[PDB]
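Participant: Before I ask anything, let me first share the structure, which is written out below as structure tokens.
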Number of protein chains: 2
Amino acid sequence: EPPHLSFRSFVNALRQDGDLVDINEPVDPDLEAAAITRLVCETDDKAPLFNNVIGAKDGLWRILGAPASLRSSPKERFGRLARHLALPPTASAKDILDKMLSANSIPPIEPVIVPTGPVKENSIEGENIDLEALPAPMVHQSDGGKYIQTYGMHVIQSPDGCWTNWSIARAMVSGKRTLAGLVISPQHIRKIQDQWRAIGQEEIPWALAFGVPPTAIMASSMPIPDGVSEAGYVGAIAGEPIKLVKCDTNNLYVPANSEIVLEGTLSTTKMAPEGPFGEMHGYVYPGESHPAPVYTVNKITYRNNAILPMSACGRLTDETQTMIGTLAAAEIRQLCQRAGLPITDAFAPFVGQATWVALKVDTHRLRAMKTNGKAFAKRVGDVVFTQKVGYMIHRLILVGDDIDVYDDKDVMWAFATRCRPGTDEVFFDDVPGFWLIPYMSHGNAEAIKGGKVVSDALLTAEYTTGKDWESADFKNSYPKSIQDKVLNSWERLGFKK
Amino acid sequence: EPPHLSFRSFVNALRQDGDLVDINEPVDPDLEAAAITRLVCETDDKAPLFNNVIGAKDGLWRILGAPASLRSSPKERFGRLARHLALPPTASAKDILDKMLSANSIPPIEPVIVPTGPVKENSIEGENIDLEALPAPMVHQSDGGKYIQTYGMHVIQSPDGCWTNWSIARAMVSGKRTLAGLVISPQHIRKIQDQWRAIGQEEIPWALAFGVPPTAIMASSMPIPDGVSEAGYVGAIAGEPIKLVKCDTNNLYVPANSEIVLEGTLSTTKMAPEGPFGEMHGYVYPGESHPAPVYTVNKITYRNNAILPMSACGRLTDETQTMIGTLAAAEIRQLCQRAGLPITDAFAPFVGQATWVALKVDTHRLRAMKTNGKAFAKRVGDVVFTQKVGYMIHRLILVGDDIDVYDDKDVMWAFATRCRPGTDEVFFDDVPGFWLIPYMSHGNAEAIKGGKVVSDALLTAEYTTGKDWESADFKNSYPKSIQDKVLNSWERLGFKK
Ligand SMILES: Cc1cc2c3c(c1C)C(C)(C)C[C@@H](O)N3c1c(nc(O)[nH]c1=O)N2C[C@H](O)[C@H](O)[C@H](O)COP(=O)(O)O
Ligand SMILES: Cc1cc2c3c(c1C)C(C)(C)C[C@@H](O)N3c1c(nc(O)[nH]c1=O)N2C[C@H](O)[C@H](O)[C@H](O)COP(=O)(O)O
Ligand SMILES: [K+]
Ligand SMILES: [K+]
Ligand SMILES: [K+]
Ligand SMILES: [K+]
Ligand SMILES: [Mn+2]
Ligand SMILES: [Mn+2]
């Protein structure tokens, strides 16, 4: 199976690319594996594959850190993400987001069923399960538990049987047979939990699959539409079906070549202390647990030489900024286009810590729409901040089509020089607000409401008569004849290539 | 004479550091010199010394571009600035600003008069002067003239004779014997021009000194207090007097080793078209000239082999971002300390395009005040935004003492995660606004008023009981024993140094 369709084939692709370190020395899953991974993420180094985790037994487990973090080569910065998606290692951020959006305009390719696969090579069942005896990592020193679940796919199906959702949500080991993890509004795992709650089900069939096909984990992190089963969307991205096998203990289906599958139930009735957890915004709050739903594990199936993927998330740059913000930005682009707004591109600048999205405006179309920044900024916020895809994003920055929204430097330049603070901003006090941001849950106003802004970083003339400045930069303040002279002289004179 | 007291010594210091290219090929002062310089600024390369400027005659002139721009090596990033100030090339931005602040708490070292110096080696006088025939650079293609003056020192004295101001303000060639340049409120050149106008003086004695002692050009860019002559401040920074020679044609004094001195008058009545100019925020507006005062030049004196310094300012990173906002931040820190606010440090983040200052708060002292961010942000703005030192700055960001204000990554992390948009901001509609910023002059509200904000990026508990989180980073989320095990294994396992 190709790398985008098999986690094991993806790991070997990173090895072939020289983007993987095989660590064969013993590494402790209590902090050491995550500390190595954290420093990889903070330095854009090669992904670490821990082949000798202390406490591993009977094939459970190796650990892959930083599975979708950045490479240090500028020309292949996004290559570990590209290897999730059948793209070359030189793919741009736009190429990745365009590929993830490509399935929203074409028929799903429905999964196919196989009778077995590598995920059935080994099993542990019932009273033989002891989750506290497995090498689940301690990911940050002040976490409230061992976060086994930082890069697996939760599988949960609606009561009518017709919608099966795939998504990432954190979970930690809470006991011999239990996890606790976030099941928050407005996420689909919570929407489906509440559908079951409403018909009186206490324990919902559930599976959690680790080391799924890489296209599948990318869709699991993307807010594709309500009621759309990720499996068919993934098939459409890949141009071929995902091969699924039925769980042994329930009627759910998991990718046949998953590394590790947990089969069990998600409760509607029981919660347990969950967290704290070093999170996507770069914070942990020591001692601060909150109740979250209980998952019960009834069977584990796994591949020979199974690998658990791990996101050691926190300060820049890890999967929470390369995937959560960016895939939300992709869906916000789509939503703005479907609302009729003249948006060509969107990205989640790394500087914004997954809380900002920059929206690139087709200014020719903007001028034809005969509006103004104050009206336009309010309309954009009303469109985006009242939808699920806008939930995690607190600042939208509108920029014209001379700004590369995929380049944080261009976004900051435009923000700092084109948006008059206050005057050119529309603030949103009444929309859902993302409590996990420290200025929300640990701030001065309601943790779950408001705290959002649309920043109009289009200059006034961009709405009316057009761009009337020239950038004071090498590209725009010198004619081509002068630029060519300089570029042809540069290295001969003694300047750096 | 050492590099901080002689521009010629400073040029040799840059050559010795491997931070200067001697360009001996012919370079056109019409755009080509500035295009080279611009590309050096955008890529942090070596300073260009143009030894063969097309049209140079009679020893006028060589050009040094990028005199205070950044070096590419992380360990010596500010080295070219440090060589202005007798600091090592490894000096931090904080070391530079602390050195510039060092003189407002020691007595001035008054200049000493010498009967002659290298600046008297050559002269051109009266009708022999033709400023249009000199190789003044065209710095950007859409500029309104040849900006001879981007990095020289204007010398002007008050009517009482007690205050001689040294400052940088742009000027372009306007005619055979004239320059036109910005003389704007609230700058000291304009305060002094207005003092002369009020007593009826038509032509004010003036000089412009190019290639001044590097300590002198740093103080020329710093907003030291009203009525304080830069010369004694400069002496205090340098630990000894600047040697000054009297002008031939007026009673002003210039540094004796200056490269080039123009002597003449600044008019209180005469105006000429001035600008546009590719400016510190990254913009030029083609065709947008505005009347500015006229300088008349009656004598030019200059060194053998004279060098004209040139700032090809615009997009990051050039002298307008290494010097203007940074030296303003230094003075804003001291203003806040005199006001009794608990500020320890200040810097102008590069991302803010010289419109942002981050203020570091002593959180122990803050907690003793028993205040809140909303009240505190208002007080800080009310102090800073009604003072000259705060004029060019539109956004102040308040951060706690776990944030390195000299590190744009830490400032952006704090701003994005600790300041709830709108809720945690105080907007200032009535204070003087810096019209040069595009969102002011070419924006939606008054060009000269408002558009300012103080952003409270302290979390709520920082005002009350203290910091209650831990960063989710390598430094703070893993014990020292684990960090050391990782750092000791890092290269042996196959990670990058
Ligand atoms: C890539 C990725 C995504 C997420 C998370 C992580 C990673 C690495 C953690 C490291 C585990 C941190 C955690 O906070 N986490 C997380 C989370 N969404 C939550 O509801 N809960 C979570 O705990 N998302 C985001 C969701 O995966 C997306 O919002 C997705 O769109 C949801 O799918 P759906 O509900 O739209 O189907
Ligand atoms: C370092 C530097 C400083 C300045 C400028 C430049 C450089 C390189 C130009 C490239 C020429 C661009 C130009 O816009 N420019 C400039 C200017 N101030 C002005 O009133 N007018 C200007 O045209 N400053 C800033 C002033 O030098 C400082 O604000 C200083 O504090 C003033 O001295 P004072 O009035 O406080 O004595
Ligand atoms: K999903
Ligand atoms: K605007
Ligand atoms: K000055
Ligand atoms: K705050
Ligand atoms: Mn979904
Ligand atoms: Mn002054």
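Letters A, B, ... go to the chains of the structure tokens in the order shown; residues in each chain start at 1; ligands are counted from 1 in the same order.
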Near stretch 5-9 of chain B, counting only C-alpha atoms, which residues have an atom at most 7 Å away, once you skip same-chain residues fewer than 5 positions from it, shown as an mmCIF file with N, CA and C atoms, in the first residue's frame?

Facilitator:
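New file result.cif:
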```cif
data_model
loop_
_atom_site.group_PDB
_atom_site.id
_atom_site.type_symbol
_atom_site.label_atom_id
_atom_site.label_comp_id
_atom_site.auth_asym_id
_atom_site.auth_seq_id
_atom_site.Cartn_x
_atom_site.Cartn_y
_atom_site.Cartn_z
ATOM 1 N N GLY B 211 28.264 60.911 7.567
ATOM 2 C CA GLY B 211 29.422 60.111 8.026
ATOM 3 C C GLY B 211 29.979 60.698 9.278
ATOM 4 N N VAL B 212 29.105 60.982 10.223
ATOM 5 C CA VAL B 212 29.462 61.441 11.577
ATOM 6 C C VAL B 212 29.942 60.278 12.430
ATOM 7 N N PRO B 213 30.583 60.538 13.598
ATOM 8 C CA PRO B 213 30.960 59.492 14.530
ATOM 9 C C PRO B 213 29.745 58.603 14.753
ATOM 10 N N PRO B 214 29.888 57.282 14.632
ATOM 11 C CA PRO B 214 28.735 56.402 14.765
ATOM 12 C C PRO B 214 27.949 56.585 16.061
ATOM 13 N N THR B 215 28.584 56.897 17.193
ATOM 14 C CA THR B 215 27.820 57.141 18.433
ATOM 15 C C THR B 215 26.881 58.340 18.202
ATOM 16 N N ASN B 257 35.766 64.952 12.105
ATOM 17 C CA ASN B 257 36.103 63.844 11.184
ATOM 18 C C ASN B 257 34.875 63.439 10.358
#
```

Participant: So which residues touch residue A:220 within 7 Å, counting only C-alpha atoms, skipping near sequence neighbours fewer than 3 positions away, as a list in words?

Facilitator: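 Skipping anything fewer than 3 positions along the chain leaves residues 153, 166, 167, 168, 216 and 217 of chain A.
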
Participant: Enumerate the residues of stretch 261-381 of chain A with a DSSP assignment of alpha helix (DSSP H), computed from the backbone, and present them as a CSV table (one decimal) with N, CA, C and O atoms, in the first residue's frame.

Facilitator:
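Everything below was put into result_18.csv:
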```
chain,number,residue,atom,x,y,z
A,319,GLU,N,1.9,19.3,15.4
A,319,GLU,CA,0.7,18.9,14.6
A,319,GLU,C,-0.5,19.8,14.9
A,319,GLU,O,-1.4,20.0,14.1
A,326,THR,N,-4.5,25.0,10.2
A,326,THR,CA,-4.5,25.1,8.8
A,326,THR,C,-5.7,24.4,8.1
A,326,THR,O,-6.2,24.9,7.1
A,327,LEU,N,-6.1,23.3,8.7
A,327,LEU,CA,-7.3,22.6,8.1
A,327,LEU,C,-8.6,23.4,8.4
A,327,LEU,O,-9.5,23.4,7.6
A,328,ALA,N,-8.6,24.0,9.5
A,328,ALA,CA,-9.8,25.0,9.8
A,328,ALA,C,-9.7,26.1,8.8
A,328,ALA,O,-10.7,26.5,8.2
A,329,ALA,N,-8.5,26.6,8.5
A,329,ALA,CA,-8.4,27.7,7.5
A,329,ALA,C,-8.9,27.3,6.2
A,329,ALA,O,-9.6,28.0,5.5
A,330,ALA,N,-8.6,26.1,5.8
A,330,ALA,CA,-9.0,25.5,4.5
A,330,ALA,C,-10.6,25.5,4.5
A,330,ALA,O,-11.2,26.0,3.5
A,331,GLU,N,-11.2,25.0,5.5
A,331,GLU,CA,-12.7,25.0,5.6
A,331,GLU,C,-13.2,26.4,5.6
A,331,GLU,O,-14.4,26.6,5.1
A,332,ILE,N,-12.6,27.3,6.3
A,332,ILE,CA,-13.1,28.7,6.4
A,332,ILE,C,-13.0,29.3,5.0
A,332,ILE,O,-13.9,30.1,4.5
A,333,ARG,N,-11.9,29.1,4.2
A,333,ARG,CA,-11.8,29.5,2.8
A,333,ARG,C,-13.1,29.1,2.0
A,333,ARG,O,-13.7,29.9,1.3
A,334,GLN,N,-13.4,27.8,2.1
A,334,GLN,CA,-14.5,27.1,1.4
A,334,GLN,C,-15.8,27.8,1.8
A,334,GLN,O,-16.6,28.2,1.0
A,335,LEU,N,-16.0,28.0,3.1
A,335,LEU,CA,-17.3,28.6,3.7
A,335,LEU,C,-17.4,30.1,3.2
A,335,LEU,O,-18.5,30.5,2.7
A,336,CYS,N,-16.3,30.8,3.1
A,336,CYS,CA,-16.4,32.2,2.6
A,336,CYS,C,-16.8,32.2,1.2
A,336,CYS,O,-17.6,33.0,0.7
A,337,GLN,N,-16.2,31.3,0.4
A,337,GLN,CA,-16.5,31.2,-1.1
A,337,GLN,C,-18.0,30.9,-1.2
A,337,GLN,O,-18.7,31.5,-2.1
A,338,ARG,N,-18.5,29.9,-0.5
A,338,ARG,CA,-19.9,29.5,-0.5
A,338,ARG,C,-20.8,30.6,-0.1
A,338,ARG,O,-22.0,30.6,-0.5
A,363,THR,N,-9.2,41.3,-5.1
A,363,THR,CA,-9.6,42.7,-5.0
A,363,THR,C,-10.3,43.2,-6.2
A,363,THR,O,-11.1,44.2,-6.1
A,364,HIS,N,-10.1,42.7,-7.3
A,364,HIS,CA,-10.8,43.0,-8.6
A,364,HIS,C,-12.3,42.7,-8.3
A,364,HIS,O,-13.2,43.5,-8.5
A,365,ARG,N,-12.6,41.5,-7.8
A,365,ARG,CA,-14.0,41.1,-7.4
A,365,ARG,C,-14.5,42.0,-6.3
A,365,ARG,O,-15.7,42.5,-6.3
A,366,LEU,N,-13.7,42.2,-5.3
A,366,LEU,CA,-14.1,43.1,-4.2
A,366,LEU,C,-14.6,44.5,-4.8
A,366,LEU,O,-15.6,45.0,-4.3
A,367,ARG,N,-13.8,45.1,-5.6
A,367,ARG,CA,-14.2,46.4,-6.2
A,367,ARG,C,-15.5,46.3,-6.9
A,367,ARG,O,-16.3,47.2,-6.8
A,368,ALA,N,-15.8,45.2,-7.6
A,368,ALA,CA,-17.0,45.0,-8.4
A,368,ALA,C,-18.2,44.9,-7.4
A,368,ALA,O,-19.4,45.1,-7.8
A,373,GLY,N,-14.7,48.6,4.0
A,373,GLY,CA,-14.1,47.6,4.9
A,373,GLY,C,-14.9,47.4,6.2
A,373,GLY,O,-14.9,46.3,6.7
A,374,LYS,N,-15.5,48.4,6.7
A,374,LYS,CA,-16.3,48.3,7.9
A,374,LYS,C,-17.5,47.3,7.7
A,374,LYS,O,-17.7,46.4,8.5
A,375,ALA,N,-18.2,47.4,6.6
A,375,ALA,CA,-19.3,46.5,6.2
A,375,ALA,C,-18.8,45.1,5.9
A,375,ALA,O,-19.4,44.1,6.4
A,376,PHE,N,-17.7,45.0,5.2
A,376,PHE,CA,-17.1,43.7,4.7
A,376,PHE,C,-16.6,43.0,5.9
A,376,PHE,O,-16.8,41.8,6.0
A,377,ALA,N,-15.9,43.6,6.9
A,377,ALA,CA,-15.4,42.9,8.0
A,377,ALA,C,-16.5,42.3,8.9
A,377,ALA,O,-16.4,41.2,9.4
A,378,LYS,N,-17.6,43.1,9.1
A,378,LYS,CA,-18.7,42.6,9.9
A,378,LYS,C,-19.3,41.4,9.1
A,378,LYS,O,-19.6,40.3,9.8
A,379,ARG,N,-19.5,41.4,7.8
A,379,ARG,CA,-20.1,40.3,7.1
A,379,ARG,C,-19.2,39.1,7.2
A,379,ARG,O,-19.7,38.0,7.4
A,380,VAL,N,-17.9,39.2,7.0
A,380,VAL,CA,-17.0,38.1,7.1
A,380,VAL,C,-17.1,37.4,8.5
A,380,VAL,O,-17.2,36.2,8.6
A,381,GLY,N,-17.1,38.2,9.5
A,381,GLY,CA,-17.2,37.6,10.9
A,381,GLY,C,-18.6,36.9,11.1
A,381,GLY,O,-18.6,35.9,11.7
```

Participant: Record the distance separating atom CA of residue B:343 and atom CA of residue B:184, expressed in Å with one decimal.

Facilitator: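 Between atom CA of residue B:343 and atom CA of residue B:184 the gap works out to 29.4 Å.
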
Participant: Taking only C-alpha atoms and all ligand atoms into account, list the residues no farther than 7 Å from ligand 4, as JSON, numbers by chain.

Facilitator: {"A": [373, 418, 419, 420, 424, 456, 457, 458, 459, 460], "B": [439, 443]}

Participant: Save the residues we just selected, N, CA, C and O atoms, as an mmCIF file, in the first residue's frame?

Facilitator:
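Generated file (out-v1.cif):
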```cif
data_model
loop_
_atom_site.group_PDB
_atom_site.id
_atom_site.type_symbol
_atom_site.label_atom_id
_atom_site.label_comp_id
_atom_site.auth_asym_id
_atom_site.auth_seq_id
_atom_site.Cartn_x
_atom_site.Cartn_y
_atom_site.Cartn_z
ATOM 1 N N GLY A 373 -14.711 48.552 4.019
ATOM 2 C CA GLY A 373 -14.069 47.606 4.933
ATOM 3 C C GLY A 373 -14.911 47.392 6.155
ATOM 4 O O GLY A 373 -14.897 46.281 6.687
ATOM 5 N N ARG A 418 -1.739 48.145 7.578
ATOM 6 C CA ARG A 418 -3.004 48.368 6.817
ATOM 7 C C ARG A 418 -4.257 48.339 7.692
ATOM 8 O O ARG A 418 -5.296 48.700 7.146
ATOM 9 N N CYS A 419 -4.186 47.828 8.897
ATOM 10 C CA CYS A 419 -5.353 47.772 9.800
ATOM 11 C C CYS A 419 -5.158 48.754 10.933
ATOM 12 O O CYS A 419 -4.356 48.523 11.822
ATOM 13 N N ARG A 420 -5.902 49.851 10.876
ATOM 14 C CA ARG A 420 -5.868 50.836 11.999
ATOM 15 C C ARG A 420 -6.506 50.208 13.224
ATOM 16 O O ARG A 420 -7.693 49.862 13.172
ATOM 17 N N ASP A 424 -10.492 49.873 12.299
ATOM 18 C CA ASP A 424 -10.618 48.936 11.167
ATOM 19 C C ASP A 424 -10.898 47.532 11.670
ATOM 20 O O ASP A 424 -10.650 46.580 10.915
ATOM 21 N N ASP A 456 -9.611 44.402 9.348
ATOM 22 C CA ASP A 456 -9.616 44.804 7.943
ATOM 23 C C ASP A 456 -8.243 45.368 7.598
ATOM 24 O O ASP A 456 -7.991 46.559 7.871
ATOM 25 N N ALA A 457 -7.383 44.541 7.053
ATOM 26 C CA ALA A 457 -6.041 44.959 6.602
ATOM 27 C C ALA A 457 -6.020 45.155 5.097
ATOM 28 O O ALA A 457 -4.964 44.946 4.453
ATOM 29 N N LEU A 458 -7.126 45.597 4.513
ATOM 30 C CA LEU A 458 -7.142 46.212 3.162
ATOM 31 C C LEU A 458 -7.156 47.717 3.308
ATOM 32 O O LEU A 458 -7.915 48.274 4.129
ATOM 33 N N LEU A 459 -6.288 48.396 2.571
ATOM 34 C CA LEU A 459 -6.288 49.859 2.623
ATOM 35 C C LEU A 459 -7.561 50.387 1.941
ATOM 36 O O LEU A 459 -8.194 49.696 1.131
ATOM 37 N N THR A 460 -7.969 51.575 2.346
ATOM 38 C CA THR A 460 -9.268 52.135 1.937
ATOM 39 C C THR A 460 -9.451 52.093 0.418
ATOM 40 O O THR A 460 -10.546 51.713 -0.061
ATOM 41 N N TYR B 439 -2.418 53.140 7.080
ATOM 42 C CA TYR B 439 -3.786 53.103 7.618
ATOM 43 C C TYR B 439 -4.182 54.411 8.272
ATOM 44 O O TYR B 439 -5.361 54.570 8.606
ATOM 45 N N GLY B 443 -6.199 55.976 5.088
ATOM 46 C CA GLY B 443 -7.159 55.128 5.804
ATOM 47 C C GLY B 443 -8.544 55.724 5.970
ATOM 48 O O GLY B 443 -8.959 56.608 5.258
#
```

Participant: Using DSSP on the backbone coordinates, identify the residues of stretch 98-344 of chain A assigned to strand (DSSP E); present them as JSON, numbers by chain.

Facilitator: {"A": [112, 113, 122, 123, 124, 125, 153, 154, 155, 156, 157, 164, 165, 166, 167, 171, 172, 173, 178, 179, 180, 181, 203, 204, 205, 206, 207, 208, 209, 210, 243, 244, 245, 246, 253, 254, 255, 260, 261, 262, 263, 264, 265, 266, 267, 268, 269, 270, 271, 272, 273, 274, 283, 284, 290, 291, 292, 293, 294, 295, 296, 297, 298, 299, 300, 301, 302, 307, 308, 309, 310, 343, 344]}

Participant: Considering only C-alpha atoms, state which residue in the set B:302, B:285, B:406, B:206 is at the smallest distance from chain A.

Facilitator: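 The answer is B:285, which sits nearest to chain A.
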
Participant: Could you give me the residues within 8 Å of ligand 8, counting only C-alpha atoms and all ligand atoms, as JSON, numbers by chain?

Facilitator: {"B": [165, 166, 167, 187, 188, 189, 220, 222, 223, 224, 225, 226, 227, 228, 229, 230]}

Participant: If we count only C-alpha atoms, what is near stretch 486-495 of chain B at a cut-off of 7 Å, once residues fewer than 6 positions away on the same chain are taken out, given as a list in words?

Facilitator: residues 21, 23, 36 and 45 of chain A

Participant: Pull N, CA and C atoms from the residues just selected and write them as a JSON list (two decimals), in the first residue's frame.

Facilitator:
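See again.json below for the written result:
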```
[["chain", "number", "residue", "atom", "x", "y", "z"],
["A", 21, "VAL", "N", 14.67, 9.41, 12.33],
["A", 21, "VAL", "CA", 15.78, 8.85, 13.13],
["A", 21, "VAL", "C", 15.27, 7.58, 13.78],
["A", 23, "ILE", "N", 15.64, 5.37, 16.68],
["A", 23, "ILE", "CA", 16.29, 5.35, 18.00],
["A", 23, "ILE", "C", 16.17, 3.94, 18.51],
["A", 36, "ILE", "N", 12.33, 14.40, 23.73],
["A", 36, "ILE", "CA", 13.04, 14.29, 22.43],
["A", 36, "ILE", "C", 12.10, 14.87, 21.34],
["A", 45, "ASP", "N", 13.40, 19.25, 13.32],
["A", 45, "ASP", "CA", 14.31, 18.12, 13.01],
["A", 45, "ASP", "C", 13.54, 16.91, 12.45]]
```

Participant: Which one of B:354, B:112, B:245, B:389 sits closest to chain A if you count only C-alpha atoms?

Facilitator: B:354

Participant: Which residue gives the smallest distance to ligand 3 among A:34, A:396, A:156, A:133, with only C-alpha atoms and all ligand atoms counted?

Facilitator: A:156

Participant: How many Å lie between atom CA of residue A:24 and atom CA of residue A:63, rounded to one decimal?

Facilitator: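 Spanning atom CA of residue A:24 to atom CA of residue A:63 is a straight-line distance of 11.5 Å.
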
Participant: What separation in Å, quoted to one decimal, exists between atom CA of residue A:159 and atom CA of residue A:196?

Facilitator: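 About the pair atom CA of residue A:159 and atom CA of residue A:196: they are 6.3 Å apart.
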
Participant: Could you check which of A:13, A:472, A:361, A:35 is closest to residue B:283, using only C-alpha atoms?

Facilitator: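 Ranked by minimum distance to residue B:283, first place goes to A:472.
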